[PDB]
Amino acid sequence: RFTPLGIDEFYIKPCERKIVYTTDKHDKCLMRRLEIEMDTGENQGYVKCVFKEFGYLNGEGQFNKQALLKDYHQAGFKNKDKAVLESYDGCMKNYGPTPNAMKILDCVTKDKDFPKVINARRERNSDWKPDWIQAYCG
């Protein structure tokens, strides 16, 4: 990506333990903002954990389209379900029933409204907003 997604910084405490080798402040900021794209074991681990906390990924590794659509609806986008699922499905067309978390991220972020949707989800999860001390993106 050359244009950033504009996702806000997520502070999901049970997934902080997946940030092991990344130590640079801004690099960790991009992790928490789900702006990472590189297929590394570390990024995979963290994004997998986040998507588990999002309810987007179950214990068997299947994507949960109902959780995604719920977030769209809760962000006020109720008349877009077809476009959202077709964007995801087309993007995932070469992948099987248990895809890796970085590829799921790449596909869910193609819809232009996904950053707004997930930003509204963070707004209603105050525990997921880092305070002044813990934030990396400031």
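Throughout, we count residues from 1 along the sequence that is shown.
Asker: On mean C-alpha B-factor from the PDB entry, just flag whether 99-107 or 80-88 is the higher one.
Answerer: Mean B over CA atoms: larger for 80-88.
Asker: Averaging C-alpha B-factors over each stretch, which comes out higher, 59-67 or 41-49?
Answerer: It is 59-67.
Asker: Using the B-factors in the PDB entry, rank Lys129's C-alpha atom against the chain and give the third, lowest, middle or highest.
Answerer: Its C-alpha B-factor belongs to the highest third of this chain's values.
Asker: Grab the CA temperature factor for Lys116 from the record and place it in the lowest, middle or highest third of its chain.
Answerer: Lowest third.
Asker: Grab the CA temperature factor for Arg122 from the record and place it in the lowest, middle or highest third of its chain.
Answerer: Lowest third - that is where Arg122 ends up once the chain's C-alpha B-factors are sorted.
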